[PDB]
Amino acid sequence: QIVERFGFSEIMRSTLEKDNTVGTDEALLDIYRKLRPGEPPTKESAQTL
Amino acid sequence: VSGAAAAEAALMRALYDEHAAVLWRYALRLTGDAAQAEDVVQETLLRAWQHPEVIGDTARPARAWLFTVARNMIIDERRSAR
DNA sequence: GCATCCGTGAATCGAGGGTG
DNA sequence: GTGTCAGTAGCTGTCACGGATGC
RNA sequence: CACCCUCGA
């Protein structure tokens, strides 16, 4: 669906391609450990904030 | 044997990783000073290691016991220190 | 072997007044 | 002595430049 | 004295 919305631009396609991790529950923990480092990452502890 | 004297460490390093980075924030908001908070955290966790009658019952909230330790130490500094 | 990012620096003197 | 969730503010509205730092 | 403000050539 992301490709569906931002497909008219090559820069967004290249962003989704050059991405490191894929998955709804993966990028979420990525954000958590970069936003509040040093804490155990719970799926719901990140979904809450 | 020696594995037990190592189990003590691996028990602390396993609560640090789950509670120090959160206890820090508590003392931070209450002091507005990350340096003191840094100090208070070590003071508190040393007491924790010194008081094993609290972490043994893993099923009970340790974090909740820690917050009060710190919250008390800060005010102890906030006595007639003015 | 090379782009990124770190650290350095950025006019002179002078008056009064407040707070931590 | 302490014991159920218990969790920053603030902020990027400067810039030119050289060279160690790092991918 | 630490910062802060306002100002003068």
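Residues numbered from 1 in each chain as written, not as in the entry; some residues may be left out. Chains lettered and ligands numbered in written order. Part of a larger assembly, values for the part shown. Heavy atoms only, no water.

Per the PDB record, the structure was determined using X-ray crystallography to 3.50 Å resolution.

Comments concerning the overall build of chain B
Rule in force here: Here a strand is any run of E in DSSP of at least two residues, a helix any run of H or I of at least four, and the numbering for each starts at the N terminus. Burial status follows relative accessibility: with a 1.4 Å probe on protein chains alone, a residue under 20% of its type maximum counts as buried, one over 50% as exposed, and anything between as partly exposed. We call two residues contacting when some pair of their heavy atoms lies within 4.5 Å. Computed with the Shrake-Rupley method and a 1.4 Å probe, the accessible areas treat only the protein chains shown as cover for residues.
The number of helices and strands found in chain B is three helices and zero strands. Beginning at the N terminus, the succession of helices and strands in chain B can be written as α-α-α. Taken along the three principal axes of its C-alpha coordinates, chain B extends 50 × 20 × 20 Å. For chain B, buried positions account for 24% of its 82 residues. For chain B, contacts bridging at least 24 residues in sequence account for 59% of all contacts bridging at least 6. Counting every atom, chain B has about 6000 Å² of accessible surface; 53% of that belongs to carbon and sulfur.

Structural notes on the protein's contact with DNA strand D
Worth spelling out the cut-off: Consider each residue's heavy atoms; a residue with any of them within 4 Å of a molecule or strand counts as near. Here a polar contact is taken to be a pair of N or O atoms separated by no more than 3.5 Å, where protein atoms must pair a possible hydrogen donor with a possible acceptor and residues adjacent in sequence count only if both atoms sit in side chains. In the scheme used here, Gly and all other residues not listed as nonpolar or charged are polar, with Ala, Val, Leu, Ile, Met, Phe, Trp, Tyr, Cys and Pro taken as nonpolar and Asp, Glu, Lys and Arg as charged.
As a structural note, the neighbourhood of DNA strand D is formed by 20 residues, with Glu39 of chain A together with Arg47, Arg63, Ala64 and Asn72 of chain B the closest of them. Backbone atoms, meaning sugar plus phosphate, form 44% of the atoms of DNA strand D positioned within 4 Å of the protein. With respect to DNA strand D, the side chain of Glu39 of chain A contributes an N or O atom lying 2.3 Å from a base nitrogen. Within the side chain of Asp57 of chain B, a nitrogen or oxygen atom sits 3.5 Å from a base nitrogen of DNA strand D. Elements with a minimum of two residues in the surface near DNA strand D: α1 (2-31) and α3 (62-77) of chain B. Considering every element that reaches the surface near DNA strand D, the biggest residue donor is α3 of chain B, with seven residues. Residue composition of the surface near DNA strand D, by class: eight nonpolar, three polar and nine charged.

Looking at α1 of chain B
Residues and elements named next belong to chain B. Condition: For a helix, the expected span equals 1.5 Å multiplied by the residue count minus one. Bend at a residue means the angle formed by two fitted axes: the first through the 7 residues ending at that position, the second through the 7 residues beginning there.
Under the 1.5 Å per step criterion, the end-to-end length of α1 is 41 Å for 30 residues, consistent within 8% with the ideal 44 Å. Remark: the principal bend of α1, roughly 45°, maps to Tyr16. Listing the buried residues of α1 in full gives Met12, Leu15, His19, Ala20, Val22, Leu23 and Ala27. On its buried side, α1 packs onto α2 (34-50) and α3. Trailing α1 by a residue or two, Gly32 shows a phi angle of about 55°, which is positive.

Some points on the packing of α1 of chain B against α3 of chain B
Residues and elements named next belong to chain B. The condition is simple: Axis definition: a line fit to C-alpha positions, over the contact stretch in the case of helices; interaxial angles, taken between N-to-C directions, run 0 to 180 degrees. Left-handed describes a crossing whose near helix is turned anticlockwise from the far helix by less than a right angle; the clockwise case is right-handed.
Contact geometry of α1 with α3 gives a least axis separation of 10 Å together with a crossing angle of 35°. At the point where α1 passes α3, the crossing takes the right-handed sense. Facing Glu18, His19, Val22, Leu23, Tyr26, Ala27, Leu30 and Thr31 of α1, the residues of α3 in contact are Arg63, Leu66, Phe67, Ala70, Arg71 and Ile74. Classifying every residue of the contact of α1 with α3 gives nine nonpolar, two polar and three charged.

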